[PDB]
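Quick heads-up: the structure tokens below are two forms of one chain, split into structure 1 and structure 2.
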Structure 1
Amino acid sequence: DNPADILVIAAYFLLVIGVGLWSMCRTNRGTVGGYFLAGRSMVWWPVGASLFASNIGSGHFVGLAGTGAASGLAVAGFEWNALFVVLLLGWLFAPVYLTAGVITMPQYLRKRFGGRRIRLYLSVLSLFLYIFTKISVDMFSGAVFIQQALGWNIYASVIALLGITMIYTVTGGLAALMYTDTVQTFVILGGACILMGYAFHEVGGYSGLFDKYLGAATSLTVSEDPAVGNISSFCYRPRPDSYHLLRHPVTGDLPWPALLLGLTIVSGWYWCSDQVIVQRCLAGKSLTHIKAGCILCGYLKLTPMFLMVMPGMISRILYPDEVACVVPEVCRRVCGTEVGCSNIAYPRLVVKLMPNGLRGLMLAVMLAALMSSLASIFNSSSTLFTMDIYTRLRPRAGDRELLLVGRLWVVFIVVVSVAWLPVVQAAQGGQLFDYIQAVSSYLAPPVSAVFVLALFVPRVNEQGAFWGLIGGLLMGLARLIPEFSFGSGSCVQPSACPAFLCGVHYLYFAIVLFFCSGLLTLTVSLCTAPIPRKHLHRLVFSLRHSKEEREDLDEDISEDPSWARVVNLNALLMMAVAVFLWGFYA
């Protein structure tokens, strides 16, 4: 099909297997610390590249580009909030998780509160959140990229992709995945930078982009279907806030208070609390190296704006009648959906803007991002299931058995994702991305609050945490069931949900659910038994450095002050740069 693209992807696979087998020769497998924690032998650059590579994915490319096309810049906030919470992790949550010596976050709640129902319920919630908000993202986005760019078939494609990533995460463990995440982050950044350069050159540069976007509206607005007719001149034209990152608090998608607060909550979960990112930060050689990896991942998390959001706007510039279409039949003829065809921004940029060798390179960038994210999810899920369930159910099992347990759990989660693929194919346009951020906002905030109080409030107890979690779950479902039931649609076909339900954006609901769950924990804790202090040494941010003995209701973080000053300084510098970029883009 392509002479040079074949060799470029071959060299990509070559580097992949090379770093993989280099780590095999260096893996030191046979212990859970090896397979689930890389033996805690990871340094700054692989930790940072692993965080970035696992978080970045096909979902980021397709979603950020399509949203930039349809709406405008604002969606970049999703990425940039990470730059703060990641630091919170590296400086607040990772030290505790290190000085507690846990392999999972449910394990941390198991040995910080005490009991078998918190660990169980949180592991189950984490698994479901991974199936809904993470694997569906990447499967959907690889599906779109293949359906447009290549378009030979979509089931076979993503099934093969999951097969290769299954083999990858089975063989690897944390060491392989973090070294090959160095090489994959290199690949992703290089390719995406080249494509950004080409797009800026074709539009005429930053200035050429900021000039032509608000006039990037489609011309075909008839809708021969008599129901819609002459379209509002409001939903086929770009928003006048397309160039702004802080939209209106009420009459604007992604309102700024929602952005800041709600993403801080959901992202405190997404980084500081969930097993994927923390487990990237548990395989660290030391604490200082983990902080270095956090600053690196943050600096890279300032990147996906210019590499995914602005290219989507460029797509709307060059192909407005095809990505910015509104008319149901037109968009259906262009993509197959009748909701806007915004997702085709990045794939059509790649297909119509770059030559053969760079066609291969872009396919490799997409492949690397999807593989790294799925490998992260599968290994972290292996960690969670193996440790929590298999220990609560078979507390005396050899590591030659636990390795087997995790290895097979990878196969099972792959089969589950293949089974759930059609339920993901039933979403249209941006609907999936909305749905997933909504799921997170409904189900994350209680977990977020529980971890905040676990690390920062000694008082809370088993009743505290369990009842906050259950109350948060019921409150979240109260809104998720009806809202998801009524359906979804665009200006052409808007679903008839009540305004008091749909009118409150899911991030404001995340704030309210956060506060309800936190208040409920504090309430039902302050009117029940407390937990003594002897149980909480090296389990709360107050007692990090305690050397005294713990009661174990069921370390040695000494960073040299010099490198500590260095990593502190450049972390603060990273935040200064991120805050600048927030200001520059409104």
Structure 2
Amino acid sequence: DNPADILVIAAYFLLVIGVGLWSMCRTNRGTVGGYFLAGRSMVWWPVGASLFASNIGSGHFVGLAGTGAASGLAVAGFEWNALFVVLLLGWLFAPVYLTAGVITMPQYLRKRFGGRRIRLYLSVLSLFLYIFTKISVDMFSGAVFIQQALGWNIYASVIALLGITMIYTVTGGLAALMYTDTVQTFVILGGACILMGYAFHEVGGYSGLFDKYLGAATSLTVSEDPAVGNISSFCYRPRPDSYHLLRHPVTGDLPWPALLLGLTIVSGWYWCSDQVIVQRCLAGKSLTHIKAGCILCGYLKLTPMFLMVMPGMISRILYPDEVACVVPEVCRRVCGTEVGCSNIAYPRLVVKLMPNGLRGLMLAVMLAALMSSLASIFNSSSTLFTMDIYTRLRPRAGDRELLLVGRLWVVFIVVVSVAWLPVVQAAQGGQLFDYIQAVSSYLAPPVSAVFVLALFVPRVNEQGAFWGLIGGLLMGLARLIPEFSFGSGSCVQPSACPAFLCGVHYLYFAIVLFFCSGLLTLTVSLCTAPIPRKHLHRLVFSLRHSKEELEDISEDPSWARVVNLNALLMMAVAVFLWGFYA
């Protein structure tokens, strides 16, 4: 309501309109190549910024700060894992997808194994994963930030946000989104940095976070409800391993072997096997631009710890009676949610710390984060649907009808997401961030397992890859459905789940499901006919000519040398930071 907020939001919209118009003036959007792969003309800095901005949504501010507040700094693991896995994308996966000439990752599996059915299955599974794990987290976190910061109707505002991101997605294509994602990356990091600075000032520096956070307990630990009573000291006191990334392998909330192996498997899917991230690399101009873009993305993926997780922890120190509430009736008064108020952590800092002008910048940050992620998911889902499913229904389609169908899918997936909003709003507190990582850990590892065996074991055939995926889905669902039946509850009100389902961490299940999908893929492969695949195997990883029988992934040796040394430097910095906070 202060003019300065409306001017900052208007200036942000003018930047987004302006970079969109410059991209539409520059690029061709009349062809499938142009609209869905940005002409394969994207240099390193939009690749990197777009990888970053398609990944960081409103969920990363709400979820990571909230989990920061609840549980300390090991959720940085979620972000920091990405660093190493984006080097797998640029050096292992992206070369193979460039030499295969794929528009989609289901098409790569069409090329590698050859049936009609793996491509259809992986398209449809991806489309469901985007609704369950990607749209849900964005819509949920948007609605938390609006409820808490603005106070507006959380239906009308999410309809309105979805409608502007629909227009923003359909009006340009992947080329406008990737250039606009350089501006969205700038706004996100810059506003997030200014709020991090105000937050760290309020607790009295970096030292202030680490000497006040283990003390940061609420004074309201006794419920008026009988059979809740005096709340346990485990449920309101901050965890004694709060300052440690690497937590106990059995009793850790995020066990270190689950963090390292289990997230590598799930991140593998997310970064290396999944249309949303990989479409930005498929739009790379060169392999060396994809590799440089991958390093930019890894450096930016270090930034979430300091911009989101540590502000969340500062939110627990400054507002311990509101952010670290445990009494079910106090948490209903604070944030509407009986199970906790950890999700207010980030929006509380914005409300309570930002002046008249910079509140508007923090609305622009959350808008930028939410629009970039939703636009990426809508465009990628459009590509997946158009190219995979609609060319099953209409093979002699042509590049004018396929763009119409691409833009109409964005309208349909917006409508599905509006109809999905009440179901996601039924997730109560910071449970949803666990649900989305649990879903990803139950559904993604079969897909990670097939892409690894698609790229590194040329004997894996179609029967193995398909029945690996389906067996994997069956094993996934055998956990998922039992779990979602029993609920989650909370530390105060435990769920009544057996400890032979929910007892094992979902990132440990991700490990088991990966090796079991993989073992079944190899077993069924070895017990069927070896399919010489044309004889071309530019669909596989090798050092020796990456091929067999434009599509030439040879880069300049000087620029090769540069990105190869910056990847090792970027890993060394990562491993230092893993060492530092372990």
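Every residue number counts along structure 1's sequence, beginning with 1. Rigid core (definition): largest C-alpha set, two forms, superposition within 1.5 Å. Shifts are known only where both forms have a C-alpha.
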**Prompt:** Which of these moves by 2 angstroms or more at the C-alpha between the two structures, core superposed: 543, 43, 519, 526?
**Reply:** 543
**Item:** Cα shift between the two structures at residue 491, which is computed once both forms share a superposed rigid core (Å)
**Value:** 2.1
**Asked** Once both forms share the same rigid core frame, by what distance in Å has the CA of residue 393 shifted between the two structures?
**Response** 1.8
**Fill in**
The moving segments between the two structures, taken as three or more consecutive common residues whose Cα atoms each shift by 2 angstroms or more on the rigid core, are 533-537, 542-549
